[PDB]
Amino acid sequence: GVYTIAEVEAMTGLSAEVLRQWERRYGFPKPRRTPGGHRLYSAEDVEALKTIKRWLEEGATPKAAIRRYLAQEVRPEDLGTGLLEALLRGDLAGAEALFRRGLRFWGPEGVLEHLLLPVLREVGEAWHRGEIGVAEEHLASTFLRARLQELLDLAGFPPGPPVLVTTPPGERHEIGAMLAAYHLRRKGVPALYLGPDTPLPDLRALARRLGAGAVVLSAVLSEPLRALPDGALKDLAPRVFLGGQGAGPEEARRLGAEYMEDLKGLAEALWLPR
């Protein structure tokens, strides 16, 4: 069930003014609205506000108290599990807080390996078991993809012609592409992550537009590659690389791309001027 703002004020001791200020300033709580525009708070929120009210009475300040409810109590080893639960619940303010706390323990590489990728993989494993719908999966993936972009920037951006990283059309698995994008930046290659499922005409256009010297594709499934016409990856970039479990030398040769098994060889090839 849910409650009106007048009811929450009586149950918590917090004024309506303060409740609205917190929502505007710290993103919590985040009630839905009636047709009239009136706020409706969940029971979980009310119990959360009672907790926060108690901490304030014990000497805490509003922002820190709210931060403590969203993230700050969770121990480092459980940041991964904590972030996953927040995303499937639709709590993005909580998820952002957990992500921030993660950056307090780890550098960019650490957050990638211990938060983002394990959670994104857990989201997928959950969907495959049918425990979540597509809307939940989309909401979580979009969150994690945006954070990944932020991690890439934290790793620094090398000069030189950019390298576009994505997945073949129809390929929704992007953890390999994400991993490649970061590895390239760490190894000094100006990689730009585009996200998955980039149509070939749009990709060819963007490469010409940005003056990219290379394009990297990650294939987990072998089927989206079999669907592509012969030499469909020929005229995308000066050099076009293909990798992942769903790719091999033969299929790469018939698509007009160069096969790479590991990321180490990929970076070493991108260092070349050709």
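A residue's number is simply how far along the shown sequence it sits, counting from 1.
Asker: Would 237-245 or 27-35 have the larger average of its C-alpha temperature factors, as given in the entry?
Answerer: Taking the mean B-factor of the alpha carbons in each, 237-245 is higher.
Asker: Could you check the entry and say whether 99-107 or 132-140 has the higher mean CA B-factor?
Answerer: Higher mean C-alpha B-factor in the PDB entry: 132-140.
Asker: Of the choices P199, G94, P159, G195, which one's C-alpha carries the largest B-factor in the record?
Answerer: If I rank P199, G94, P159, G195 by C-alpha B-factor, first place goes to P199.
Asker: Should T61 be placed in the lowest, middle or highest third of its chain by the C-alpha B factor in the entry?
Answerer: For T61, whose C-alpha B-factor we compare with every modelled residue in the chain, the answer is the lowest third.
Asker: Quick check on the deposited entry: does the C-alpha B-factor of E125 sit in the lowest, middle or highest third of its chain?
Answerer: Middle third, going by the recorded CA B-factors of the chain.
Asker: Please place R145 in the lowest, middle or highest third of its chain according to the CA B-factor in the PDB entry.
Answerer: Within its chain, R145 is a lowest-third residue by C-alpha B-factor, going by the deposited values.
Asker: Taking the chain's C-alpha temperature factors as the reference, tell me which third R89 falls into: lowest, middle or highest.
Answerer: Middle third, going by the recorded CA B-factors of the chain.
Asker: Just say lowest, middle or highest third for the CA B-factor of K187 relative to the other modelled residues in its chain.
Answerer: Tercile = middle for this residue's CA B-factor.
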